[PDB]
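Data from structure-v2.cif: mmCIF, C-alpha atoms and all ligand atoms
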```
data_final
#
loop_
_atom_site.group_PDB
_atom_site.id
_atom_site.type_symbol
_atom_site.label_atom_id
_atom_site.label_comp_id
_atom_site.auth_asym_id
_atom_site.auth_seq_id
_atom_site.Cartn_x
_atom_site.Cartn_y
_atom_site.Cartn_z
ATOM 1 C CA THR A 27 -205.333 -51.380 220.943
ATOM 2 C CA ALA A 28 -201.692 -51.887 220.043
ATOM 3 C CA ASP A 29 -203.086 -54.927 218.231
ATOM 4 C CA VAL A 30 -205.122 -52.787 215.809
ATOM 5 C CA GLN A 31 -202.135 -50.466 215.319
ATOM 6 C CA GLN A 32 -199.849 -53.430 214.620
ATOM 7 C CA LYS A 33 -202.391 -54.852 212.155
ATOM 8 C CA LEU A 34 -202.665 -51.552 210.280
ATOM 9 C CA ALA A 35 -198.882 -51.206 210.119
ATOM 10 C CA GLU A 36 -198.662 -54.767 208.755
ATOM 11 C CA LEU A 37 -201.400 -54.094 206.200
ATOM 12 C CA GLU A 38 -199.588 -50.946 205.090
ATOM 13 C CA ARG A 39 -196.260 -52.787 204.796
ATOM 14 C CA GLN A 40 -197.797 -55.603 202.770
ATOM 15 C CA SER A 41 -199.473 -53.089 200.484
ATOM 16 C CA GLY A 42 -196.228 -51.266 199.681
ATOM 17 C CA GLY A 43 -197.834 -47.850 200.043
ATOM 18 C CA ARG A 44 -198.918 -45.240 202.582
ATOM 19 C CA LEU A 45 -202.185 -45.761 204.475
ATOM 20 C CA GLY A 46 -204.240 -43.211 206.444
ATOM 21 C CA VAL A 47 -207.153 -44.203 208.688
ATOM 22 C CA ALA A 48 -209.508 -42.404 211.035
ATOM 23 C CA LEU A 49 -212.453 -44.142 212.677
ATOM 24 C CA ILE A 50 -214.864 -42.288 214.981
ATOM 25 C CA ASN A 51 -217.131 -44.569 217.027
ATOM 26 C CA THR A 52 -220.070 -42.448 218.154
ATOM 27 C CA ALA A 53 -221.034 -45.099 220.744
ATOM 28 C CA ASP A 54 -218.202 -44.007 223.075
ATOM 29 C CA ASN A 55 -216.727 -40.977 221.247
ATOM 30 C CA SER A 56 -213.493 -42.845 220.641
ATOM 31 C CA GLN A 57 -211.142 -42.767 217.657
ATOM 32 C CA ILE A 58 -208.776 -45.185 215.960
ATOM 33 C CA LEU A 59 -206.087 -43.274 214.091
ATOM 34 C CA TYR A 60 -203.294 -44.245 211.701
ATOM 35 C CA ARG A 61 -201.196 -41.529 210.024
ATOM 36 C CA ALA A 62 -204.304 -39.521 210.790
ATOM 37 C CA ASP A 63 -202.536 -36.129 210.742
ATOM 38 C CA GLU A 64 -200.654 -36.687 207.478
ATOM 39 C CA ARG A 65 -201.931 -35.209 204.218
ATOM 40 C CA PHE A 66 -203.388 -37.421 201.472
ATOM 41 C CA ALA A 67 -204.687 -36.467 198.035
ATOM 42 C CA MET A 68 -208.477 -36.608 198.214
ATOM 43 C CA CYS A 69 -209.341 -37.535 194.629
ATOM 44 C CA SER A 70 -213.120 -37.751 194.188
ATOM 45 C CA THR A 71 -213.793 -37.878 197.950
ATOM 46 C CA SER A 72 -213.671 -34.077 197.698
ATOM 47 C CA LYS A 73 -217.067 -34.245 195.959
ATOM 48 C CA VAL A 74 -218.678 -34.554 199.405
ATOM 49 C CA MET A 75 -217.409 -31.115 200.453
ATOM 50 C CA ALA A 76 -218.507 -29.471 197.190
ATOM 51 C CA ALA A 77 -221.987 -30.976 197.426
ATOM 52 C CA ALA A 78 -222.209 -29.925 201.094
ATOM 53 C CA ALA A 79 -221.178 -26.364 200.232
ATOM 54 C CA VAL A 80 -224.054 -26.172 197.733
ATOM 55 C CA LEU A 81 -226.436 -27.647 200.330
ATOM 56 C CA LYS A 82 -225.372 -25.010 202.865
ATOM 57 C CA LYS A 83 -225.981 -22.284 200.278
ATOM 58 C CA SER A 84 -229.456 -23.700 199.648
ATOM 59 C CA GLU A 85 -230.427 -23.143 203.285
ATOM 60 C CA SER A 86 -230.956 -19.454 202.454
ATOM 61 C CA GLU A 87 -231.921 -19.887 198.755
ATOM 62 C CA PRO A 88 -234.870 -22.353 198.507
ATOM 63 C CA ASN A 89 -234.896 -22.365 194.689
ATOM 64 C CA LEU A 90 -231.252 -23.295 194.529
ATOM 65 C CA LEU A 91 -231.395 -27.101 194.105
ATOM 66 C CA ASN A 92 -233.819 -26.627 191.219
ATOM 67 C CA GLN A 93 -231.587 -24.106 189.417
ATOM 68 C CA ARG A 94 -230.759 -25.225 185.878
ATOM 69 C CA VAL A 95 -227.140 -25.451 184.681
ATOM 70 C CA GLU A 96 -226.241 -25.763 181.000
ATOM 71 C CA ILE A 97 -224.109 -28.774 180.019
ATOM 72 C CA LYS A 98 -221.937 -28.229 176.920
ATOM 73 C CA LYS A 99 -219.261 -30.208 175.103
ATOM 74 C CA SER A 100 -216.781 -27.676 176.514
ATOM 75 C CA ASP A 101 -217.724 -28.883 180.003
ATOM 76 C CA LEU A 102 -216.669 -32.477 179.414
ATOM 77 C CA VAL A 103 -213.546 -33.632 181.239
ATOM 78 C CA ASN A 104 -212.067 -37.072 181.802
ATOM 79 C CA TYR A 105 -215.004 -39.014 183.322
ATOM 80 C CA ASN A 106 -218.594 -37.811 182.771
ATOM 81 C CA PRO A 107 -220.933 -40.826 182.985
ATOM 82 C CA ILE A 108 -224.081 -38.777 183.666
ATOM 83 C CA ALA A 109 -223.294 -35.354 182.221
ATOM 84 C CA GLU A 110 -222.364 -36.831 178.822
ATOM 85 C CA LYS A 111 -226.017 -37.921 178.575
ATOM 86 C CA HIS A 112 -227.253 -34.331 178.982
ATOM 87 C CA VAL A 113 -225.004 -32.394 176.607
ATOM 88 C CA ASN A 114 -226.820 -29.360 175.132
ATOM 89 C CA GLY A 115 -229.493 -29.601 177.813
ATOM 90 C CA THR A 116 -229.570 -28.507 181.438
ATOM 91 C CA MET A 117 -229.310 -30.374 184.733
ATOM 92 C CA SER A 118 -230.478 -29.047 188.076
ATOM 93 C CA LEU A 119 -228.033 -28.501 190.924
ATOM 94 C CA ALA A 120 -229.775 -31.381 192.721
ATOM 95 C CA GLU A 121 -229.145 -33.654 189.730
ATOM 96 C CA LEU A 122 -225.517 -32.549 189.563
ATOM 97 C CA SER A 123 -225.099 -33.226 193.286
ATOM 98 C CA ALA A 124 -226.494 -36.749 192.904
ATOM 99 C CA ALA A 125 -224.393 -37.406 189.799
ATOM 100 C CA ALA A 126 -221.228 -36.271 191.577
ATOM 101 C CA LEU A 127 -221.903 -38.277 194.729
ATOM 102 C CA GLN A 128 -223.489 -41.407 193.252
ATOM 103 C CA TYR A 129 -221.542 -41.819 189.978
ATOM 104 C CA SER A 130 -218.446 -39.671 190.650
ATOM 105 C CA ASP A 131 -219.271 -37.477 187.638
ATOM 106 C CA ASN A 132 -216.478 -34.945 187.151
ATOM 107 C CA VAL A 133 -218.546 -32.451 185.164
ATOM 108 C CA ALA A 134 -221.011 -32.473 188.063
ATOM 109 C CA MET A 135 -218.158 -31.722 190.473
ATOM 110 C CA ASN A 136 -216.970 -28.808 188.339
ATOM 111 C CA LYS A 137 -220.490 -27.362 188.239
ATOM 112 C CA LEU A 138 -220.823 -27.584 192.027
ATOM 113 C CA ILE A 139 -217.381 -25.950 192.386
ATOM 114 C CA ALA A 140 -218.191 -23.180 189.911
ATOM 115 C CA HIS A 141 -221.563 -22.473 191.480
ATOM 116 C CA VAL A 142 -220.193 -21.684 194.943
ATOM 117 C CA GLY A 143 -217.303 -19.604 193.581
ATOM 118 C CA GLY A 144 -214.487 -22.073 192.900
ATOM 119 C CA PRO A 145 -212.034 -24.193 194.892
ATOM 120 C CA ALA A 146 -211.211 -21.424 197.370
ATOM 121 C CA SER A 147 -214.900 -21.089 198.162
ATOM 122 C CA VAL A 148 -215.269 -24.824 198.821
ATOM 123 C CA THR A 149 -212.208 -24.477 201.066
ATOM 124 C CA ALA A 150 -213.671 -21.422 202.846
ATOM 125 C CA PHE A 151 -216.821 -23.448 203.513
ATOM 126 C CA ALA A 152 -214.703 -26.139 205.160
ATOM 127 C CA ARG A 153 -213.033 -23.470 207.285
ATOM 128 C CA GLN A 154 -216.421 -22.117 208.375
ATOM 129 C CA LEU A 155 -217.227 -25.625 209.693
ATOM 130 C CA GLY A 156 -214.049 -25.695 211.761
ATOM 131 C CA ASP A 157 -212.010 -27.809 209.313
ATOM 132 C CA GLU A 158 -208.651 -26.025 208.997
ATOM 133 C CA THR A 159 -206.957 -28.918 207.156
ATOM 134 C CA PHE A 160 -209.049 -29.522 204.016
ATOM 135 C CA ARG A 161 -207.821 -27.760 200.905
ATOM 136 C CA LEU A 162 -209.419 -27.965 197.470
ATOM 137 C CA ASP A 163 -206.905 -26.185 195.213
ATOM 138 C CA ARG A 164 -207.993 -27.224 191.720
ATOM 139 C CA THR A 165 -210.952 -28.306 189.623
ATOM 140 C CA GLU A 166 -211.435 -31.593 187.827
ATOM 141 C CA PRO A 167 -209.474 -33.195 186.378
ATOM 142 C CA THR A 168 -206.212 -31.718 187.584
ATOM 143 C CA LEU A 169 -207.004 -32.090 191.307
ATOM 144 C CA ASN A 170 -206.126 -35.791 190.812
ATOM 145 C CA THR A 171 -202.381 -35.536 190.156
ATOM 146 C CA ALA A 172 -201.671 -37.023 193.636
ATOM 147 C CA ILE A 173 -197.950 -36.180 193.501
ATOM 148 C CA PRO A 174 -196.239 -37.422 196.696
ATOM 149 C CA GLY A 175 -195.415 -34.507 198.967
ATOM 150 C CA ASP A 176 -197.726 -32.095 197.124
ATOM 151 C CA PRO A 177 -200.237 -30.540 199.577
ATOM 152 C CA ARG A 178 -202.658 -29.432 196.851
ATOM 153 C CA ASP A 179 -206.097 -31.046 197.019
ATOM 154 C CA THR A 180 -205.328 -32.876 200.250
ATOM 155 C CA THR A 181 -206.688 -33.367 203.730
ATOM 156 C CA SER A 182 -205.870 -35.542 206.721
ATOM 157 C CA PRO A 183 -207.833 -38.610 207.866
ATOM 158 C CA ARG A 184 -208.533 -37.063 211.262
ATOM 159 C CA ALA A 185 -209.918 -33.876 209.726
ATOM 160 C CA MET A 186 -212.073 -35.591 207.099
ATOM 161 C CA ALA A 187 -213.556 -38.020 209.619
ATOM 162 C CA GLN A 188 -214.424 -35.200 212.013
ATOM 163 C CA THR A 189 -215.896 -33.102 209.200
ATOM 164 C CA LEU A 190 -217.866 -36.012 207.732
ATOM 165 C CA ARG A 191 -219.303 -36.616 211.215
ATOM 166 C CA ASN A 192 -220.379 -32.965 211.374
ATOM 167 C CA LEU A 193 -221.938 -33.170 207.899
ATOM 168 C CA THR A 194 -223.822 -36.495 208.153
ATOM 169 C CA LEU A 195 -224.537 -36.903 211.895
ATOM 170 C CA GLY A 196 -223.908 -33.445 213.348
ATOM 171 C CA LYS A 197 -225.379 -30.025 212.672
ATOM 172 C CA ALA A 198 -223.181 -28.553 209.923
ATOM 173 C CA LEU A 199 -226.267 -28.591 207.699
ATOM 174 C CA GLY A 200 -229.936 -27.972 208.317
ATOM 175 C CA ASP A 201 -232.115 -31.002 208.892
ATOM 176 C CA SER A 202 -233.415 -31.186 205.315
ATOM 177 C CA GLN A 203 -229.952 -30.664 203.843
ATOM 178 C CA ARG A 204 -228.277 -33.191 206.137
ATOM 179 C CA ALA A 205 -230.908 -35.771 205.248
ATOM 180 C CA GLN A 206 -230.363 -35.000 201.574
ATOM 181 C CA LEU A 207 -226.595 -35.529 201.816
ATOM 182 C CA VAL A 208 -227.041 -38.814 203.674
ATOM 183 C CA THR A 209 -229.602 -40.037 201.141
ATOM 184 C CA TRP A 210 -227.244 -39.122 198.298
ATOM 185 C CA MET A 211 -224.297 -40.956 199.919
ATOM 186 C CA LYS A 212 -226.373 -44.025 200.834
ATOM 187 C CA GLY A 213 -227.292 -44.165 197.129
ATOM 188 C CA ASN A 214 -223.691 -44.288 195.952
ATOM 189 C CA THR A 215 -223.136 -46.828 193.175
ATOM 190 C CA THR A 216 -219.312 -46.928 193.363
ATOM 191 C CA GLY A 217 -218.335 -48.157 196.840
ATOM 192 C CA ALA A 218 -219.019 -51.886 197.152
ATOM 193 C CA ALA A 219 -215.346 -52.846 196.655
ATOM 194 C CA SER A 220 -213.984 -50.381 199.238
ATOM 195 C CA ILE A 221 -214.976 -49.850 202.898
ATOM 196 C CA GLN A 222 -218.188 -51.849 202.376
ATOM 197 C CA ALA A 223 -216.154 -54.895 201.303
ATOM 198 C CA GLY A 224 -214.608 -55.066 204.778
ATOM 199 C CA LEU A 225 -217.870 -54.775 206.720
ATOM 200 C CA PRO A 226 -220.634 -57.328 207.366
ATOM 201 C CA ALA A 227 -223.241 -57.450 204.611
ATOM 202 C CA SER A 228 -226.002 -56.221 206.943
ATOM 203 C CA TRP A 229 -224.363 -52.892 207.805
ATOM 204 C CA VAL A 230 -225.725 -49.774 206.123
ATOM 205 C CA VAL A 231 -223.211 -47.440 204.527
ATOM 206 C CA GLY A 232 -223.142 -44.056 202.887
ATOM 207 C CA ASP A 233 -219.762 -43.454 201.313
ATOM 208 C CA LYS A 234 -217.844 -41.572 198.634
ATOM 209 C CA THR A 235 -214.869 -43.243 196.973
ATOM 210 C CA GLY A 236 -212.010 -41.628 195.097
ATOM 211 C CA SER A 237 -209.381 -43.080 192.759
ATOM 212 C CA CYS A 238 -207.111 -40.362 191.363
ATOM 213 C CA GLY A 239 -205.759 -42.430 188.490
ATOM 214 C CA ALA A 240 -202.228 -41.521 189.593
ATOM 215 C CA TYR A 241 -199.939 -43.133 192.198
ATOM 216 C CA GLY A 242 -202.538 -45.856 192.618
ATOM 217 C CA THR A 243 -204.375 -43.506 194.973
ATOM 218 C CA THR A 244 -207.507 -45.174 196.360
ATOM 219 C CA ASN A 245 -209.706 -43.571 199.015
ATOM 220 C CA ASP A 246 -213.117 -43.942 200.644
ATOM 221 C CA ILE A 247 -214.969 -41.878 203.258
ATOM 222 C CA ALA A 248 -218.042 -43.357 204.926
ATOM 223 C CA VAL A 249 -220.787 -43.008 207.487
ATOM 224 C CA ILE A 250 -221.720 -46.460 208.767
ATOM 225 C CA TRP A 251 -224.760 -47.750 210.671
ATOM 226 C CA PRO A 252 -223.862 -51.176 212.098
ATOM 227 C CA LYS A 253 -226.748 -53.435 213.010
ATOM 228 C CA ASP A 254 -228.232 -52.189 216.306
ATOM 229 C CA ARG A 255 -225.269 -49.941 217.120
ATOM 230 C CA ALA A 256 -224.409 -46.271 217.184
ATOM 231 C CA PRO A 257 -223.022 -45.032 213.867
ATOM 232 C CA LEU A 258 -219.374 -44.858 212.914
ATOM 233 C CA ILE A 259 -217.421 -42.561 210.626
ATOM 234 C CA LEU A 260 -214.548 -44.175 208.718
ATOM 235 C CA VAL A 261 -212.004 -42.564 206.411
ATOM 236 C CA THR A 262 -209.413 -44.710 204.595
ATOM 237 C CA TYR A 263 -206.809 -43.108 202.316
ATOM 238 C CA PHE A 264 -204.172 -44.978 200.337
ATOM 239 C CA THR A 265 -201.447 -43.978 197.897
ATOM 240 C CA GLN A 266 -198.462 -45.742 196.392
ATOM 241 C CA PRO A 267 -194.949 -44.792 195.335
ATOM 242 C CA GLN A 268 -195.239 -45.585 191.613
ATOM 243 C CA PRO A 269 -196.931 -43.072 189.268
ATOM 244 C CA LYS A 270 -198.762 -45.850 187.375
ATOM 245 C CA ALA A 271 -199.561 -48.059 190.382
ATOM 246 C CA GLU A 272 -202.850 -49.839 190.100
ATOM 247 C CA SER A 273 -205.739 -49.125 192.431
ATOM 248 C CA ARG A 274 -205.935 -51.123 195.697
ATOM 249 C CA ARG A 275 -209.515 -50.999 196.961
ATOM 250 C CA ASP A 276 -208.840 -54.275 198.784
ATOM 251 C CA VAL A 277 -206.481 -52.325 201.068
ATOM 252 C CA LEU A 278 -209.346 -50.052 202.124
ATOM 253 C CA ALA A 279 -211.554 -53.068 202.746
ATOM 254 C CA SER A 280 -208.825 -54.707 204.825
ATOM 255 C CA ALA A 281 -208.378 -51.553 206.919
ATOM 256 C CA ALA A 282 -212.128 -51.303 207.465
ATOM 257 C CA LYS A 283 -212.246 -54.890 208.698
ATOM 258 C CA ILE A 284 -209.286 -54.352 211.054
ATOM 259 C CA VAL A 285 -210.738 -51.246 212.725
ATOM 260 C CA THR A 286 -214.291 -52.576 213.089
ATOM 261 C CA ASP A 287 -213.587 -56.162 214.153
ATOM 262 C CA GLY A 288 -215.327 -56.857 217.442
ATOM 263 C CA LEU A 289 -218.064 -54.318 216.753
HETATM 264 CL CL CL B 1 -221.596 -60.822 206.564
#
```
Go ahead and express the file in the form of structure tokens.
Ligand SMILES: [Cl-]
Amino acid sequence: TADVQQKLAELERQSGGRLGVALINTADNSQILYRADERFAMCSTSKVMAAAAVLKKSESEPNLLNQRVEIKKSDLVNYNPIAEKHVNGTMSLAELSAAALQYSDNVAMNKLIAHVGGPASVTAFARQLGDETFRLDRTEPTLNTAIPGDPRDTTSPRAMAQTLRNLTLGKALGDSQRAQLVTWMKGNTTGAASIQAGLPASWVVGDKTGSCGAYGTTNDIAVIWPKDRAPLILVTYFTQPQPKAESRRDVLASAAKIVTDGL
């Protein structure tokens, strides 16, 4: 509706920043879109694509998720809540996937990236799925610079919603691997203040958040199972003009409420 568009424009104005939204309602194959073809820095939401690239690779290498990866002090970056507990030991690729998706562990992300061949390989995986917008340019932590106008480490809301639908509800991944990604995302510990905060308590959500720590950039990408309804995919990206702007997860929650009200 023009109503929902008006409400998103008003939310964006009040917030002082730039808001990107894409909702896919699988009940009727409809979309609600707001700046959905503009580029936004992904921040940690890019962890979904890295984990999915490793899952795709595991379809032809059954030992892969069990493969051990050394964690060293030289691997630590800016935020390592799980990896810091395993320094001088190993973690499996499954454990790194869960740490990246459920705790936003940046060492875990770098190990997933390295395993598949680096940022260009994560990007080539996205291209193989039919996503010609996603670009992972850098590793952690520098992928988070979020400079306005910089296309590095960005995607569009439309593209990420369509790709997340393919990954979690479609056939991008084999049945076991799809189920594994959904289980990982449903087990996220970091998303209650974002999309989930704008949805009824009963709805079931798998999501990955991302706060770059620069330009107050605050994002969330989610698969949503409303009570007794077909699932939704919702992507909400937000970034602000000031380099040291504070995070605005409430803006993502407000957008989520606007685009789902009535469902
Ligand atoms: Cl409620």
Item to check | Protein and nucleic acid residues within 12 Å of ligand CL 1 (chain B) (all atoms listed in the file) as a PyMOL selection string | outcome: chain A and resi 222-230+252-253+283+287
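CA of residue 165 (chain A) lies 6.2 Å from CA of residue 136 (chain A).
Here CA of residue 63 (chain A) and CA of residue 184 (chain A) stand 6.1 Å from one another.
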Item to check | Protein/DNA/RNA residues near (-215.8, -23.5, 207.5), cut 12 Å, only C-alpha atoms, as an NGL selection string | outcome: :A and (75 or 78-79 or 82 or 146-161 or 189 or 192-193 or 198-199)
Item to check | Pairwise distance for CA of residue 162 (chain A) and CA of residue 145 (chain A), rounded to one decimal in Å | outcome: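 Between CA of residue 162 (chain A) and CA of residue 145 (chain A) the gap works out to 5.3 Å.
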Pull out every residue that the PyMOL selection byres (((chain A and resi 77) around 9) and not hetatm) matches in the shown coordinates and put them as a compact mmCIF listing (two decimals) with C-alpha atoms, in the frame of the given file.
```txt
# COMPACT_ATOMS: atom_id res chain seq x y z
CA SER A 72 -213.67 -34.08 197.70
CA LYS A 73 -217.07 -34.24 195.96
CA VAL A 74 -218.68 -34.55 199.40
CA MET A 75 -217.41 -31.12 200.45
CA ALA A 76 -218.51 -29.47 197.19
CA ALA A 78 -222.21 -29.92 201.09
CA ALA A 79 -221.18 -26.36 200.23
CA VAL A 80 -224.05 -26.17 197.73
CA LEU A 81 -226.44 -27.65 200.33
CA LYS A 82 -225.37 -25.01 202.86
CA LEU A 122 -225.52 -32.55 189.56
CA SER A 123 -225.10 -33.23 193.29
CA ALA A 124 -226.49 -36.75 192.90
CA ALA A 126 -221.23 -36.27 191.58
CA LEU A 127 -221.90 -38.28 194.73
CA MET A 135 -218.16 -31.72 190.47
CA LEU A 138 -220.82 -27.58 192.03
CA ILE A 139 -217.38 -25.95 192.39
CA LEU A 207 -226.60 -35.53 201.82
```
Checklist entry - Using the chain letters and numbers from the file, which residues does the PyMOL selection byres (((chain A and resi 263-271) around 8) and not hetatm) grab, as a ChimeraX atom specification? => result /A:42-47,66,68,174,183,239-246,261-262,272-274,277-278
Checklist entry - Of the residues A:133, A:221, A:259, A:140, which is the one nearest to residue 105 (chain A), using all atoms listed in the file? => result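 Counting all atoms listed in the file, the residue closest to residue 105 (chain A) is A:133.
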Item to check | Given the PyMOL selection byres (((chain A and resi 234) around 9) and not hetatm), the residues it picks as an MDAnalysis selection string | outcome: chainID A and resid 70:74 127:128 130 211 214 216:217 232:233 235:236 245:248
Checklist entry - Which is closest to residue 231 (chain A) among A:111, A:218, A:142, A:250, if we use all atoms listed in the file? => result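 For residue 231 (chain A), the nearest of the candidates is A:250.
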